[PDB]
Amino acid sequence: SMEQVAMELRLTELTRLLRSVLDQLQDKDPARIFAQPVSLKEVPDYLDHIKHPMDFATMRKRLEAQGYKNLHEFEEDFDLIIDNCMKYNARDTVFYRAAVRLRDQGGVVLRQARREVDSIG
């Protein structure tokens, strides 16, 4: 149908906007602490602590399969990156601190993303 195509074009354009958002958030992680999944070879107990691991490469895979239907789903995944880290790592660690800085800096980007998603529909 023509409607299915129109819906698909909307999803494609959301994917375009989310790709730009993801790039801007990942720039706020210059140490690449959140770039890849936590290694279960190096942290063998991780899944005993964290039930839904997340990282920027995993988000990118979902994004490129057009797997985010809306901004809320994408933000859920970004929040998991931060929240998982702040639980597993203590306050005095470079990992925790990196997450706080990512959260604070990402808030600005996500604030305008939400306006753009609503604005452009």
# chains A, B, ... in the order shown; residues from 1 in each chain; ligands from 1

$ residues_around --residues "residue 22 of chain A" --least-positions-apart "4" --cutoff "12 Å" --atoms "only C-alpha atoms" --output "CSV table (one decimal) with N, CA and C atoms, in the first residue's frame"
chain,number,residue,atom,x,y,z
A,14,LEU,N,13.1,8.9,10.7
A,14,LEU,CA,13.4,8.9,12.2
A,14,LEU,C,14.8,8.3,12.4
A,15,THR,N,15.1,7.2,11.6
A,15,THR,CA,16.4,6.5,11.7
A,15,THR,C,17.5,7.5,11.3
A,16,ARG,N,17.3,8.4,10.3
A,16,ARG,CA,18.3,9.4,10.0
A,16,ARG,C,18.5,10.3,11.2
A,17,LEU,N,17.5,10.8,11.8
A,17,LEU,CA,17.6,11.7,12.9
A,17,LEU,C,18.3,11.0,14.1
A,18,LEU,N,17.8,9.8,14.4
A,18,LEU,CA,18.5,9.0,15.5
A,18,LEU,C,19.9,8.7,15.3
A,26,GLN,N,27.6,9.7,21.4
A,26,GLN,CA,28.8,9.0,21.5
A,26,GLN,C,30.1,9.9,21.5
A,27,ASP,N,30.0,11.1,20.9
A,27,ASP,CA,31.1,12.1,21.1
A,27,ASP,C,31.3,12.6,22.5
A,28,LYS,N,30.2,12.5,23.3
A,28,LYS,CA,30.3,12.8,24.7
A,28,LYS,C,31.0,11.7,25.5
A,29,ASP,N,31.5,10.7,24.8
A,29,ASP,CA,32.2,9.5,25.5
A,29,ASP,C,33.5,9.4,24.8
A,35,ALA,N,31.5,2.3,24.2
A,35,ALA,CA,31.5,1.9,22.9
A,35,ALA,C,31.1,0.5,22.5
A,55,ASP,N,25.1,-1.0,25.1
A,55,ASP,CA,26.3,-0.2,24.7
A,55,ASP,C,26.1,0.5,23.3
A,56,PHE,N,27.0,1.4,22.9
A,56,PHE,CA,26.7,2.1,21.7
A,56,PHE,C,26.7,1.2,20.4
A,57,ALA,N,27.6,0.2,20.4
A,57,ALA,CA,27.6,-0.7,19.2
A,57,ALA,C,26.3,-1.4,19.0
A,58,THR,N,25.8,-1.9,20.1
A,58,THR,CA,24.6,-2.7,20.2
A,58,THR,C,23.4,-1.7,19.7
A,59,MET,N,23.4,-0.5,20.2
A,59,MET,CA,22.4,0.5,19.7
A,59,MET,C,22.5,0.7,18.2
A,60,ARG,N,23.7,0.9,17.7
A,60,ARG,CA,23.9,1.1,16.4
A,60,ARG,C,23.4,0.0,15.5
A,61,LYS,N,23.6,-1.2,15.9
A,61,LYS,CA,23.0,-2.4,15.2
A,61,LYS,C,21.5,-2.3,15.1
A,62,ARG,N,20.9,-2.1,16.2
A,62,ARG,CA,19.4,-1.9,16.2
A,62,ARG,C,19.0,-0.7,15.4
A,63,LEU,N,19.7,0.4,15.4
A,63,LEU,CA,19.3,1.6,14.7
A,63,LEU,C,19.3,1.2,13.2
A,64,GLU,N,20.4,0.6,12.7
A,64,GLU,CA,20.6,0.3,11.3
A,64,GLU,C,19.7,-0.7,10.7
A,71,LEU,N,11.5,7.8,19.5
A,71,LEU,CA,12.5,8.3,20.4
A,71,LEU,C,12.6,7.7,21.7
A,74,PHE,N,14.7,4.5,21.9
A,74,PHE,CA,16.1,4.9,21.7
A,74,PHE,C,16.6,5.4,23.1
A,75,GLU,N,15.8,6.3,23.7
A,75,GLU,CA,16.2,6.8,25.0
A,75,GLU,C,16.3,5.7,26.1
A,77,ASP,N,17.3,2.7,25.7
A,77,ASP,CA,18.6,2.0,25.5
A,77,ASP,C,19.7,2.9,26.0
A,78,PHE,N,19.7,4.2,25.7
A,78,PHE,CA,20.7,5.2,26.2
A,78,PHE,C,20.7,5.2,27.7
A,106,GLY,N,24.5,14.5,27.5
A,106,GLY,CA,23.5,13.9,26.5
A,106,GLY,C,22.1,14.5,26.7
A,109,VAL,N,21.3,17.2,24.2
A,109,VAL,CA,21.1,16.7,22.8
A,109,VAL,C,19.7,16.1,22.7
A,110,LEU,N,19.4,15.3,23.7
A,110,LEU,CA,18.1,14.6,23.7
A,110,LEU,C,16.9,15.6,23.9
A,113,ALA,N,16.4,16.8,20.4
A,113,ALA,CA,15.9,15.7,19.6
A,113,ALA,C,14.4,15.5,19.8

$ select_by_dssp --residues "chain A" --states "helix (DSSP H, G or I)" --output "PyMOL selection string"
chain A and resi 2-27+46-49+56-64+71-88+94-120

$ closest_residue --among "A:2, A:31, A:117, A:9" --to "residue 98 of chain A" --atoms "only C-alpha atoms"
A:31

$ residues_around --residues "segment 86-97 of chain A" --least-positions-apart "4" --cutoff "8 Å" --atoms "only C-alpha atoms" --output "list in words"
residues 33, 49, 50, 82 and 101 of chain A
